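**Student:** Test case, fold it:
(one chain, ligands or ions: 3)
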Amino acid sequence: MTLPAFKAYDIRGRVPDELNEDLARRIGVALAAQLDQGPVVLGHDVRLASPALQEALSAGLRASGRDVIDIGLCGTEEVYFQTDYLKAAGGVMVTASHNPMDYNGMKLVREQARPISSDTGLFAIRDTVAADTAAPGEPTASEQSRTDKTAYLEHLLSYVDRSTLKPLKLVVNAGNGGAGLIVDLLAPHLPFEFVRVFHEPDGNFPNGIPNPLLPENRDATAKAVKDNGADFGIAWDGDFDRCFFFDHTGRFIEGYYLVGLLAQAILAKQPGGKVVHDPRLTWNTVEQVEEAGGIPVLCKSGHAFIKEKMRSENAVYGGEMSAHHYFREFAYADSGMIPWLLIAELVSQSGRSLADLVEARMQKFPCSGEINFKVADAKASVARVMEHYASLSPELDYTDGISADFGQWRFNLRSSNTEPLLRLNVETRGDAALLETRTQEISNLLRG
Ligand SMILES: O=P(O)(O)O[C@H]1OC[C@@H](O)[C@H](O)[C@H]1O
Ligand SMILES: O=P(O)(O)O[C@H]1OC[C@@H](O)[C@H](O)[C@H]1O
Ligand SMILES: [Mg+2]
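**Tutor:** Residues are numbered from 1 along each chain as shown. Ligands and ions are numbered 1, 2, ... in the order given. Here you go, the structure:
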């Protein structure tokens, strides 16, 4: 077999049988052989074992003659930003944010923070590590500590006109991940009043592993919004490359609707741009992008595909319904910080609440939410769905699984690239009844 920690998009496994300091050192050696010239940026998340894994990575890299730029405890987006900003040969973020307590991982990028994925270097690294029985060399390169966040913070603040911001009251919930450290560095330069929930970084995660999608975790942010009369709330995953929004009523806003909203926010600053979106939920994004004079570009889901498509299109912005938002000048990469700054500015300038910014769009294009299925035979289940609907002759697109457009309703059905599951999304043209009957019909077919 092969080392199971090497997945399609990153490295992820239980410590210490699937990921440990010796593997991390070997990964550093192998990474050095996979990159063009230059130093390598390293950072890590709040998990207790993360520093030691980073240090082993550094030892392997420096044994291979790579200078290391240690950016410290950070978010994943800071590894992306510093790798590109400093013109480094690549970067590694030590994190496996959503996984259980005994798990860690690594996200790897090359020049300009371009992803290293299974077919673009990661499995080459895996195979080198797998066969590497050499004794560890000693370091022949240096490590520098570079914890200055000025250029990163200035980049974040460039997405808003400070003089137009109003003193909104914002709930922020880092979930004991790392997001609060950036919020607090930004706060002196913003007029907002922050209500800080689960704010201190704690790798023991006393309030649960950060995952705002779990209803119990979602409810902590919703309660804080309602109880404090906040204008909106923001929660993050642990490495804070994903952001999650709650309007003033406490209602969680499905990520689908933020894609169109953020696209309009960016198109106001960069008119006529191309906007990359995924195939799971589309109609609202296409309409809002075109209404704002942008050009929507359909792309397979998954951060590496989004980024490569954005690059080829000079796209100003990309958005996935899975809470990932990508910005051209941010190394074409995803940020959990840029989106809430943009939303705070929209609310400030428009005088409209976040609820009003999305309400009509949610009524116009209601969606199922992503529904996941572990079935005995994914291929037979997909075929059962398609055969059932054949007599209606949907328009079919195979960008990412199967997308079927029936006119007043559509669905996307695909296999996950990170887990052995099928993922379903359905939306309709303003018809909540059709949404529910079709969702339940597909569900029954998949479970058959
Ligand atoms: O654990 P994370 O690396 O923070 O999240 C990743 O794995 C979980 C997915 O929901 C995310 O979209 C993906 O980015
Ligand atoms: O498991 P997957 O569905 O293949 O990928 C997920 O993890 C990475 C994100 O880019 C995707 O949008 C998210 O859906
Ligand atoms: Mg994350």
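
**Student:** Just give the nearest non-adjacent residue to residue 222, would you?
**Tutor:** residue 250 (3.6 Å; CB to CB, 6 or more residues apart in numbering). To be clear about C-beta, it is placed using only N, CA and C from the backbone, and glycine gets the same treatment.

**Student:** Does the one you found touch residue 218 like I think?
**Tutor:** No: if you go by CB atoms under 8 Å, residue 250 and residue 218 don't touch, sitting 9.3 Å apart.

**Student:** can you tell me which residues contact the spatially most central residue of the chain?
**Tutor:** In the chain, the residue lying closest to the centroid (CA atoms, centre = their mean) is residue 324, at 3.7 Å. Residue 324 sits next to 241-242, 303, 306, 334 when contact means CB atoms under 8 Å, 6 or more residues apart in numbering.

**Student:** With residue 124 instead?
**Tutor:** 30, 34.

**Student:** That one belongs to a helix, doesn't it?
**Tutor:** Yes: under DSSP: H, G, I helix; E, B strand; the rest coil, residue 124 falls within a helix.

**Student:** before we move on, which element is the residue nearest to residue 222 in?
**Tutor:** Assigned by DSSP states H and E, residue 250 belongs to neither a helix nor a strand.

**Student:** Stretch 86-102 near ligand 3 at all?
**Tutor:** Yes: Stretch 86-102 reaches ligand 3 (CB under 5 Å from the ion) through residue 97.

**Student:** In that stretch, which residues are buried?
**Tutor:** Residues 86, 88-99 are the ones in stretch 86-102 that count as buried (16 or more other CB atoms under 10 Å).

**Student:** next one: stretch 393-402
**Tutor:** 394, 397, 399-402.

**Student:** next one: stretch 407-418
**Tutor:** So, applying 16+ other CB under 10 Å, buried residues of stretch 407-418: 409-414, 417.

**Student:** Just the ones of these in strands?
**Tutor:** Among the buried residues of stretch 407-418, the members falling in strands (DSSP state E) are 409-414.

**Student:** would you list those residues in a markdown table and tack on distance to residue 371?
**Tutor:** Shown next, in a markdown table, are these (distance: CB to CB, whole Å):
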| residue | distance to residue 371 |
| --- | --- |
| 409 | 15 |
| 410 | 15 |
| 411 | 10 |
| 412 | 11 |
| 413 | 10 |
| 414 | 12 |
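
**Student:** How many neighbouring residues does the residue of the stretch 151-300 of the chain found nearest ligand 1 have?
**Tutor:** Residue of the stretch 151-300 of the chain nearest ligand 1, by CB to the nearest ligand atom: residue 237 (4.4 Å). Using other CB atoms under 10 Å, residue 237 has 27 neighbouring residues.

**Student:** OK, contacts around the residue nearest to residue 222?
**Tutor:** 222-223, 225-226, 233.

**Student:** From those residues, pick the one nearest ligand 3.
**Tutor:** If you rank the contacts of residue 250 by distance to ligand 3 using CB to the ion, residue 233 comes first, at 18.3 Å.

**Student:** how much space between the closest residue in space to residue 422 that isn't next to it in sequence and ligand 1?
**Tutor:** Using CB to CB, 6+ apart and skipping the chain neighbours, the partner closest in space to residue 422 is residue 373 (4.4 Å). In this view, residue 373 and ligand 1 are 16 Å apart by CB to the nearest ligand atom, to the nearest Å.

**Student:** hang on, isn't residue 373 packed against residue 421?
**Tutor:** Yes: taking contacts as CB under 8 Å, residue 373 lies within contact range of residue 421: 6.3 Å.

**Student:** picking that back up, could you tell me the phi and psi values at the residue nearest to residue 222?
**Tutor:** Residue 250 has phi and psi values of phi 90, psi 0 when expressed as degrees, to the nearest 10.

**Student:** repeat for residue 275
**Tutor:** phi -130, psi 120.

**Student:** Near it, how many residues? Count them for me, please.
**Tutor:** 29.

**Student:** And it, how close does it get to residue 314?
**Tutor:** 11 Å (CB to CB, to the nearest Å).

**Student:** What of residue 105?
**Tutor:** For residue 105, the distance to residue 314 equals 31 Å [CB to CB].

**Student:** Neighbour count: those two, which is higher?
**Tutor:** More crowded of residue 105 and residue 314, by other CB under 10 Å: residue 105, with 25 against 10.

**Student:** which SS class is that one?
**Tutor:** strand.

**Student:** so who does the closest residue to residue 110 other than its chain neighbours touch?
**Tutor:** Leaving out its chain neighbours, the residue that sits closest to residue 110 by CB to CB, 6+ apart is residue 90, at 4.3 Å. Neighbour list for residue 90: 31, 34-35, 38, 40-41, 83, 108-111, 116 [criterion: CB under 8 Å, 6+ apart].

**Student:** who in this protein is up against ligand 1?
**Tutor:** 96-98, 237, 239, 322 (CB under 6 Å from any ligand atom).

**Student:** List just the nearest of these to ligand 2.
**Tutor:** residue 322 (3.6 Å).

**Student:** could you measure the closest residue to that closest one other than its chain neighbours against residue 325, distance?
**Tutor:** Closest residue to residue 322 apart from its sequence neighbours, by CB to CB, 6+ apart: residue 255 at 6.1 Å. Using CB to CB, residue 255 is found at 9 Å from residue 325.

**Student:** higher neighbour count, those two?
**Tutor:** Neighbours of residue 255 and residue 325, each counted by other CB under 10 Å, are more numerous for residue 325; the result is 28 against 23.

**Student:** I'd like to know the beta-bridge partner residues of the more buried one.
**Tutor:** residue 319 (DSSP bridges).

**Student:** Correct me if wrong: it contacts residue 316.
**Tutor:** No: using CB under 8 Å, residue 325 makes no contact with residue 316, being 11.8 Å away.
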